[PDB]
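Here are two versions of the same chain, shown separately as structure tokens and labelled structure 1 and structure 2.
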Structure 1
């Protein structure tokens, strides 16, 4: 589990910080706001050896965030392959993973209580407040997320990605629908699920294609 929080009122970037400072596993670095309000941001360190497949990891992290936000709010949430958490076609939480030298650094942002969603993004972004008409205690959100991440990641080390696949798929946006790759006019087809290694499976004219990266959309 986590054992230690470092809570900032503001900082440049929680990821940035975890690169420069030699924090320890079990520490979450949390910020109220990053400098490039009502949002929740935090980063932590994983063992880079424990998570060599880096499509599976962000997906289990996203699963965890979605489980947590639903426990708290009762609203169910979707997973975008390969990494964010959505309510409908709107992003509520970002999930990020960076190998930097010796470290695996995980970054997570959740839109909790922000009041004003800029005109340009409001079509593709949202907050818990927008969805529920209610403010939520940001630390209780954080705790619940950290607890689901601990739990899921532990099961993930003990067994495998198989304990998560179908849950992930069943939450995937555009699941079962027809999609294309962004700026890759070649691949179109139905989004049918995930491969063993976390890849997206598209049933194309000429059969199943496994995508190991890119961005999907409806048709």
Structure 2
């Protein structure tokens, strides 16, 4: 990742890459989004000062069930930690948190032989909406200073490219350990909802990238990426 397409304002970098045929190793960046979407059509507030970009991957190269989102999440957290010198956490299966507030969201979509990844990073948002204020923060709120969005973008893209290359010729074993230790709510009571309901203690992560939940009837391995993890 080195070549960038930088737009001032657009409906959604995800939507744009659905209509436009871009080559691999190219990231579409937008300063603002009017129709920013989440993992289920939810509104993703994208005001000025934030980082919003999408890129394409080969659906025949990466298995995007659970492993991919975890590696992408690891990548962004590794980049942010190197720049801000602040520790970050990973929410299974696809989000980057600081303490209890979300700082970055990772999204993957498939639209006709296309694997489209969309990452949103809160960096320099000055005014934060109350409806998300309780579960979201920015780099500016944490550190108390602004950060060069382009520099952060390049770092994130470098960590992604490196992690994915090592994910190709090798396996998820190279990341499993690192991710497990950074998992949010590790060893705490949690609840999983969405296409079922499993409750227990988050005891760790499996080799397949599945969540290990200790229930009253033993440890269950959750292999579905539709489950939302909440604190319980």
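Residue numbers count along the first chain shown, from 1. Definition used throughout: the rigid core is the maximal C-alpha set that superposes within 1.5 Å between two forms.
A movement of the C-alpha atom of residue 186 reaching 2 angstroms or beyond is seen between structures 1 and 2 when the two forms are aligned on their rigid core. Core-superposed comparison between structures 1 and 2: residue 213 shows a Cα shift of 3.7 Å.
Aligning the rigid core leaves the CA of residue 82 displaced by 1.2 Å between structures 1 and 2.
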